[PDB]
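Two forms, one protein chain; structure tokens for each follow separately as structure 1 and structure 2.
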Structure 1
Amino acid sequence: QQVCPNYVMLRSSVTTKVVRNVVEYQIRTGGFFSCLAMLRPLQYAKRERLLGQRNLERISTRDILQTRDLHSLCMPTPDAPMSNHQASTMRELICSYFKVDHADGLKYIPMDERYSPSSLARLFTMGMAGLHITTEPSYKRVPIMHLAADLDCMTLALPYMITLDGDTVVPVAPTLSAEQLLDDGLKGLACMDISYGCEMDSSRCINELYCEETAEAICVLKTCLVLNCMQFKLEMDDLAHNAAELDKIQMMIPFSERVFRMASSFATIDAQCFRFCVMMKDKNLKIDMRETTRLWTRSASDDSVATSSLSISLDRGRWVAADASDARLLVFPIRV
């Protein structure tokens, strides 16, 4: 059963079965798990690295086009939500990273300045893996970032925001949306960290790999995470008003729990995702997708949840928001 056919992250499939009159669900969340894999650039490309250019040429062949194909091509996606936030700035980045002309940057980001955030992350993540997906169907080899190799053994990653209370890098709740970290020359990103680990055990922070070589790659990895957040937020905003698509699943409670897990990925870098996840644990996750949509649109209000009263800290490789002898949110690290 297809859900969100023309979405990138929400794109999911549901298989339902009966074994002696017992109701069984299975939800297959597709593009989402593809998108978060981009925290390990080489692991993402590992697949496509051993597919030739015919993999792409047979796609630009078609006239149907659709979302899943435009994504693979790293092009803007009509029939899907798109953003224009700091599009000017993002186009400059493409030209710098891939060292190409403005005429080619305009292929990725039209004059419209509308683009799919997950189609840029894929582009940059593939770029960090040493493959540039070009304007005209092709894979061109570019230098493989040493950072991408340095992280290619890690199976856990936990992004979080930090500040300083005096002389200690201390985790904080997000104040801003992910969308605001991209602007101002991407200088917001300094206050993001990503903790990687094996097994957490071998915990190593991406900010502790800071080097004049890796600084370029370290920023792109963060940008790709922010962009995948933007995509998720766009699709939830669009899903809210797509009353047609919404009605396919409005009562499928096991799906609300799945959307909750998806937002949890971004609940430490995006204030709206934070508040949205906090509200659902308060309700114990047993929520209709129609009500969940209402909670998503509610979370857009800063006063929706009292973030200011919550104490943030890390323990055991997991992110905790709590107050008054009772935790409100646990966020676990992202697989791969």
Structure 2
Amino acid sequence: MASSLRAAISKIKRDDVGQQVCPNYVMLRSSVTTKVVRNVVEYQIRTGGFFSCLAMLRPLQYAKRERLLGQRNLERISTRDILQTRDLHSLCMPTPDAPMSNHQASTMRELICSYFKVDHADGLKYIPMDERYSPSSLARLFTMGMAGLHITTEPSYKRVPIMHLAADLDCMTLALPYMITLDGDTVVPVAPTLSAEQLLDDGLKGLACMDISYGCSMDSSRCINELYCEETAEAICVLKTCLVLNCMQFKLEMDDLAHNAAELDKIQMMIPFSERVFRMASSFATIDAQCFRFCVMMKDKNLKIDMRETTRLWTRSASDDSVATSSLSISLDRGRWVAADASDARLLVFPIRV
């Protein structure tokens, strides 16, 4: 009565919260439940990883529940038999089996070392010599650090100074990042011309022209840039950097999903998924040029697109001449960002919760 195939199947993980799409990723990690009402099937998509990554714009809230978890969980996670990308993300480690980045890796390592007052050998555990890192793991590292917790290289939590900006923002419940320019004594929203990564170039200088409007569509609005002083400067740069890093991870994973046929075939032209991807990309449409051009294109096709054509658009949106911008003029009111072409609304980006 014993058989080999049954033994193979026995080992397979049968949690089955839903149809697991793009696991082994950080932000594109997705679950598809099926919900039937009458005779119509509504696919319900749960992408918690992305939404947790975006909640880092409020560091004390990101950290809130985990700071009351002892040094036990980190030590459990590391001792585990097989470490998935989620496990390594919790430890702020390089995530093999997931896309990674080699961009400004030394400046990023130098930042770990300066912020956390740590050695280069320790820096090399976060960002190895292959120079390849996972940007979201690195954001988690810094986001927690602003909240007063350093994830150490031995799985441990060490107490580090809590950033005043994190406490100053913790009241806020909505946020909108955008790009600005200074045309002399006045500040105006501008469309993203550079890519999120290129903000990291030149020692993170281009970050000065990103702003984030925090508020409670929104009210009691406070911009991060008006809270700039000598003491909050570092905290503002890190916050903006973590945002950029999460954007980079998104882009990396999307670029990889364009070529990962296994998971793309698994998505049976779910329009629900392609409008999810539109939400996710809209988060960064105000700070990354590619995601801008991508979101304008999909909204031009009324978001009734299957994932194949969708991640075809992603591939094309990496090039400046894929859509015409110069034409578009952008304004910001009531906490949402609008790009319009001669009174035609080409993209509307709403603020993100937490």
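Each form is matched to the other, and the largest set of C-alpha atoms that superpose within 1.5 Å is called the rigid core. Residues are numbered by position in structure 1's sequence, first residue being 1. Only residues modelled in both forms are compared.
S.K.: Quick check on the comparison between structure 1 and structure 2: with the core aligned, only one of 111, 215, 243, 164 should show a Cα shift of at least 2 Å. Which one is it?
M.R.: Flagged residue: 164.
S.K.: After superposing on the rigid core, what is the C-alpha displacement of residue 316 between structure 1 and structure 2, in Å?
M.R.: The alpha-carbon displacement, core-superposed, is 1.3 Å.
S.K.: To one decimal place, what C-alpha displacement in Å is found for residue 292 between structure 1 and structure 2 with the rigid core superposed?
M.R.: So the C-alpha of residue 292 has moved 0.5 Å between structure 1 and structure 2.
S.K.: Relative to the superposed rigid core, which consecutive-residue segments of length 3 or more display CA displacements of 2 Å or more between structure 1 and structure 2?
M.R.: CA shift runs, sequence order: 17-22, 164-167.
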